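Participant: Please read through the structure below; I'll follow up with questions.
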Amino acid sequence: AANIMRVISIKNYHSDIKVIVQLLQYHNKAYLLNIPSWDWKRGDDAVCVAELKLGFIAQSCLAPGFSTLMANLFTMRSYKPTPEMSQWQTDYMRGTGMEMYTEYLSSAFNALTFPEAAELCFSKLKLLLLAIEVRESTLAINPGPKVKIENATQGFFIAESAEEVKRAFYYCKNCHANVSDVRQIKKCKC
Amino acid sequence: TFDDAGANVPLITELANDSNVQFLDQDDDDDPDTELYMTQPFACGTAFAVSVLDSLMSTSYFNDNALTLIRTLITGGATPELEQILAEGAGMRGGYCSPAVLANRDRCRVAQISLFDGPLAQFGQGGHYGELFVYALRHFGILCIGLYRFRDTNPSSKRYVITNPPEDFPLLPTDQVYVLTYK
Amino acid sequence: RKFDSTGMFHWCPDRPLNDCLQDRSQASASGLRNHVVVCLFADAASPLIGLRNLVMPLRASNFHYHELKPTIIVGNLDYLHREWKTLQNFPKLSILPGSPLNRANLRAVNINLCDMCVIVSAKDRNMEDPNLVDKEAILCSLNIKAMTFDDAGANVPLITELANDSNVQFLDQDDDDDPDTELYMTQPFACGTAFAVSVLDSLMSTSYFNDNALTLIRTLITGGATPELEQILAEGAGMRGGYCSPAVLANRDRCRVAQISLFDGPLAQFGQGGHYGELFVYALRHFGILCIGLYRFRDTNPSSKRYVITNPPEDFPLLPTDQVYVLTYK
Ligand SMILES: [Ca+2]
Ligand SMILES: [Ca+2]
Ligand SMILES: [Ca+2]
């Protein structure tokens, strides 16, 4: 109730402000969906922690570890070894260094299918591409061979840092990005 | 005891207070200065707590689409139209559906598959995660995102999750693979 | 038809609340139009607000039975059970039990076709701090203001009663709020969309300086509740009534405050650039209508918001879209 009154206050002061609010109960989301100037298409958003909580554990009933797989992608953390960690703890902790990032695919991906673009990201760029924003626009997760990469397609990647995913924006094919150690991709198709 | 066992029933518990994760498991080596995500019950997917969801706020600011990606996965496909319909207070309306709306039943989902048997089992005998990834993407359109591996490589049934392994990462025949899939 | 025993109000023999209770299908099947909707917000234990004081003016005997506005209360049923003993003597009343914030109750009630939606609360006046005190009333206003009635929405007429005056700022948008303005200067009060008990404080001093002026306003606002009716209610028998003699029924010609439009009919000549003084004199002479003010659109071009002008100057220019407040006998 207190948080809804704050969004009502912020929107009353100026309707166009992007408000992102944290909510504790799913039935309370209905109240702010009904405010005259709440608009999800413009950015307004409600992080309902009851919805999200029960959603992660429900998907774990179908894939037995997803809630940990997935809840680690949405906190920034950097992998930092310590020599007393067991093998499983080093393997686990390397994985916790991952997050999900958005980046534009370079023009070198144009007219590939999503399967070629994903093989290319994984094998050459060491990036896990998992989705694309298809042009109004719509998200597609793991789309099949029917879907082509269009120019300025935004993709969703799992990677260790935003400095990794830039490689997909700078990847310039036979023109310049020819060489096989990933640290070297850093400049355009000059 | 379920004599026709017991510590092998799969379980996930939601904690009101994260530091209580230490009581949740034995053979564990607890330490109160470790934060939740490093503890064995969370690494095994046996525990969850709302504190790991705090950083969703900043992801809604930096890339709102990423928050819609996770919401479409975790809700199993709840669109803003369904949130709109629920906000009318009539409850969830439904019935028989037209082929044109029923077309949306081919949604991508996160499934889990085993390297123990079937066509991927060739990678379980000392293959590497990169070989598996490329093969499954090409033959099945399966997009592999991680592993679920036994902690005791010899004892207990506890498994831990490895997100996005390196291309050269060695597989075991007992591993399970997380996959984005259409069927 | 039957009236109360002083002939001042329409009357009905008692009933059980279940005669007037309706579900959403019954309410939606009923062709409610030009009605009053009361959106009550109450807990079962919360204090009685005396809805009789709302309904009784709407059943004033000077209206014909066909022109009484139907009334429907949307609210908590356990509360309305203990309210009902006071309401059970009024015709054309109904109850849809449930929350006014459910956007279904609102559609079943035909909220888009009503003549007034009243938003009212019985909740504790410091259930929490002064920012939470009107959150249900504010949400209910904003909810109705957002709906879509495609066969709209922000043109349903509404009046809300505020427990805390400074919350008037949340009640409307396109508004330019300022916390140092006092309630009577704010746009929602100037439009008749908001009310709060703080504007009634100065009645105390008017009772001292001229008690008759307080009886004037009470006869208008109650629709004719005389001290004899207050005496009869104080006997605790409830409101007694039946068929009435022509000698008491004579009091059905009471003066009332009505509102009329300059858009059409005989006064429309003044809407084409006439002045308020020309209108006043004409209507007083031809109809015995006594004009006391205007209700004019704020946006003279957009929104349906109108503001009230009390007693304009003789030379004040009229618009064809104005409405006039009138004291009238018929
Ligand atoms: Ca990282
Ligand atoms: Ca332990
Ligand atoms: Ca305002």
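Chains as they are written, first to last, in PDB author numbering: chain Z, 427 to 561, 567 to 621; chain C, 853 to 856, 882 to 1031, 1037 to 1065; chain D, 706 to 856, 882 to 1031, 1037 to 1065. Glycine is no exception: its CB is placed at the ideal position from the N, C-alpha and C atoms.
How is the beta strand (DSSP E) around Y1064(D) delimited, first residue to last?
Facilitator: Along the third sequence, one-based indexing puts residue 1064(D) at 329. Where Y1064(D) is concerned, there is no enclosing beta strand (DSSP E), given that its DSSP letter is neither H nor E.
Participant: Please go through the same chain and pick out, in chain order, the residues whose beta-carbon is closer than 7 Å to the beta-carbon of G736(D), but skip the five residues on each side of it.
Facilitator: As a first step, residue 736(D) must be located in the third sequence, where it is residue number 31. Cβ neighbours of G736(D) beyond the five flanking positions: none.
Participant: Is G523(Z) a contact residue of ligand 1, with contact defined as CB to any heavy atom under 7 Å?
Facilitator: Reading the first sequence from its first residue, position 97 is the one you call residue 523(Z). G523(Z) Cβ: within cutoff of ligand 1.
Participant: Tell me whether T1045(D) sits in a helix, a strand or coil according to DSSP, three-state version.
Facilitator: Residue 1045(D) sits at position 310 when you count from the first residue of the third sequence. Strand at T1045(D).
Participant: Bridge partners for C974(C) per DSSP, in chain order?
Facilitator: Here residue 974(C) corresponds to residue number 97 of the second sequence, with the count starting at 1. BP columns for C974(C) are empty, so no partner.
Participant: Can you tell me whether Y1064(D) is buried or exposed, with buried defined as 16 or more other CB within 10 angstroms of its CB?
Facilitator: Position 329 of the third sequence holds residue 1064(D). Exposed.
Participant: If you measure beta-carbon to beta-carbon, which residues of the region 807-822 of chain D are closer than 7 Å to chain C?
Facilitator: Here the close residues are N807, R808 and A809.
Participant: At 7 Å on the CB atoms, spell out the chain D contacts of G966(C), in chain order.
Facilitator: Walking along the second sequence from the start, residue 966(C) turns up at place 89. What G966(C) touches in chain D: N807, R808 and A809.
Participant: Can you tell me whether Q448(Z) sits near ligand 2, meaning its C-beta is under 7 Å from at least one heavy atom of the ligand?
Facilitator: As a first step, residue 448(Z) is located in the first sequence; it is residue number 22 there, counting from the start. Checking every heavy atom of ligand 2 against the Cβ of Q448(Z), none is found closer than 7 Å.
Participant: Relative to the alpha-carbon of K550(Z), which residue among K604(Z), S512(Z) and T508(Z) has its alpha-carbon at the smallest distance?
Facilitator: Residue numbering aside, residue 550(Z) sits at position 124 when the first sequence is read from its first letter. Cα-wise, what sits closest to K550(Z) is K604(Z).
Participant: Is it true that the CB of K840(D) sits closer than 8 Å to the CB of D748(D)?
Facilitator: If you number the third sequence from 1, residue 748(D) lands on position 43. If you number the third sequence from 1, residue 840(D) lands on position 135. The answer is no: Cβ separation not under 8 Å.
Participant: By Cβ distance below 6 Å, which residues in the same chain neighbour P574(Z) in space, the five residues on each side in sequence not counted?
Facilitator: On the first sequence, residue 574(Z) is found 143 positions in, with the first residue counted as 1. Excluding positions up to five away in sequence, the list reads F540.
Participant: Quick check: is the beta carbon of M969(C) nearer than 8 Å to any beta carbon in chain A?
Facilitator: Looking at the structure shown, chain A is missing, and the protein chains on hand are Z, C and D.
Participant: Give me the Cβ distance between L901(D) and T890(D), rounded to the nearest whole Å; I'm assuming they're in contact under 8 Å.
Facilitator: Within the third sequence, the letter at position 171 stands for residue 901(D). Within the third sequence, the letter at position 160 stands for residue 890(D). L901(D) to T890(D), Cβ: 6 Å. Contact.
Participant: Tell me which residues of the region 939-963 of chain C have at least one Cβ-Cβ distance to chain Z shorter than 9 Å, keeping chain order.
Facilitator: Flagged, chain order: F939, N940, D941, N942, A943, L944, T945, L946, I947, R948, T949, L950, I951, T952, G953, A955, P957, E960, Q961 and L963.
Participant: Between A472(Z) and chain D, is any beta-carbon pair separated by less than 8 Å?
Facilitator: Here the question's residue 472(Z) lines up with position 46 in the first sequence. For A472(Z), the answer is no, since every Cβ of chain D falls outside 8 Å of its Cβ.
Participant: Are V760(D) and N810(D) touching if we call contact CB-CB under 8 Å?
Facilitator: Within the third sequence, numbered from 1, the residue matching residue 760(D) stands at position 55. Within the third sequence, numbered from 1, the residue matching residue 810(D) stands at position 105. It is not a contact, given that the beta carbons lie outside the stated cut-off.
Participant: Name the residue from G481(Z), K552(Z), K620(Z) and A544(Z) whose alpha carbon lies nearest to the alpha carbon of residue 565(Z).
Facilitator: Gap note for chain Z: numbering proceeds from 561 to 567 with nothing in between, so residue 565(Z) has no coordinates.
Participant: Just the chain Z side, please: which residues come within less than 9 Å of residue 699(D) by C-beta, in chain order?
Facilitator: Here chain D has residues from 706 to 1065 only, and residue 699(D) is not among them.
Participant: Should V987(D) and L1062(D) be called a contact, given that it needs their Cβ atoms to be closer than 8 Å?
Facilitator: Translated into positions along the third sequence, residue 987(D) becomes position 257. Translated into positions along the third sequence, residue 1062(D) becomes position 327. In contact: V987(D) and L1062(D) (Cβ atoms closer than 8 Å).
Participant: At a CB-CB cut-off below 9 Å, which residues of chain Z make contact with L798(D)?
Facilitator: Here residue 798(D) corresponds to residue number 93 of the third sequence, with the count starting at 1. The contacting residues do not exist; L798(D) stays about 28 Å from chain Z at best.
Participant: Name, please, each residue of chain C whose Cβ falls closer than 8 Å to the Cβ of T528(Z).
Facilitator: The residue you call residue 528(Z) lines up with position 102 of the first sequence. The answer, in chain order, is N940, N942 and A943.
Participant: Could you tell me the boundaries of the beta strand (DSSP E) in which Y1025(C) lies?
Facilitator: Locating residue 1025(C) in the second sequence gives position 148, counting from the first residue. Note, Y1025(C): beta strand (DSSP E), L1020 to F1027.
Participant: In chain order, what are the residues with a CB under 7 Å from some non-hydrogen atom of ligand 3?
Facilitator: Result (chain order): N438(Z), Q899(D), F900(D), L901(D), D902(D), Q903(D), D905(D) and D907(D).
Participant: Output yes if chain Z places a C-beta closer than 8 Å to the C-beta of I778(D); else output no.
Facilitator: By 1-based counting over the third sequence, the position of residue 778(D) is 73. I778(D) does not count as touching chain Z.
Participant: Run down chain Z in chain order and give the residues with a C-beta less than 8 Å from the C-beta of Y1012(C).
Facilitator: Taking the second sequence and counting its residues from 1, the one referred to as residue 1012(C) is at position 135. Under the 8 Å cutoff, chain Z gives no residues; its nearest Cβ is about 10 Å from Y1012(C).
Participant: If you count every other CB in all the chains shown that lies within 10 Å of the CB of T853(C), and 16 or more means buried, which is it?
Facilitator: Counting from one through the second sequence, the residue named residue 853(C) turns up at place 1. With fewer than 16 Cβ atoms within 10 Å of its Cβ, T853(C) is classed as exposed.
Participant: To the nearest angstrom, how far is the alpha carbon of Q989(C) from that of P918(D)?
Facilitator: Translated into positions along the second sequence, residue 989(C) becomes position 112. Translated into positions along the third sequence, residue 918(D) becomes position 188. Straight-line Cα distance between these residues: approximately 58 Å.
Participant: Quick check on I580(Z): does DSSP put it in helix, strand or coil?
Facilitator: One-based indexing of the first sequence puts residue 580(Z) at position 149. Three-state DSSP puts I580(Z) in coil, outside helix and strand.
Participant: Report the residue from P1052(D), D783(D), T923(D) and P996(D) whose alpha carbon sits nearest the alpha carbon of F1017(D).
Facilitator: The sequence position of residue 1017(D) within the third sequence is 287, counting from 1. That would be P996(D), whose Cα lies nearest to the Cα of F1017(D).
Participant: Considering only the alpha carbon of each residue, which of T791(D), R738(D) and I777(D) lies closest to residue 1066(D)?
Facilitator: The question about residue 1066(D) has no answer here: the residues shown for chain D are numbered 706 through 1065.
Participant: Looking at chain Z, which residues of the region 969-989 of chain C have a Cβ within less than 9 Å of any of its Cβ atoms?
Facilitator: Listed in sequence order: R984, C985, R986, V987, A988 and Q989.
Participant: Note down, in chain order, all residues in the region 478-498 of chain Z with a beta-carbon under 8 Å from any beta-carbon belonging to chain C.
Facilitator: Cβ contacts with chain C: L478, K479, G481, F482, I483, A484, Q485, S486, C487, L488, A489, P490, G491, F492, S493, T494, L495, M496, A497 and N498.
Participant: Buried or exposed: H453(Z), going by 16 or more other Cβ atoms within 10 Å of its Cβ?
Facilitator: Your numbering for residue 453(Z) matches position 27 in the first sequence. The residue in question, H453(Z), is exposed, as its Cβ has fewer than 16 Cβ neighbours within 10 Å.
Participant: Listing by chain order, which chain Z residues have their CB less than 7 Å from the CB of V927(C)?
Facilitator: In the second sequence, counting from the first residue as 1, residue 927(C) sits at position 50. Residues of chain Z passing the Cβ test: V475 and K479.
Participant: Hey, which unbroken runs of the alpha helix (DSSP H) at 4 residues or more fall wholly within the region 988-1014 of chain C?
Facilitator: Fully enclosed alpha helix (DSSP H) runs of 4 or longer: 998-1001.
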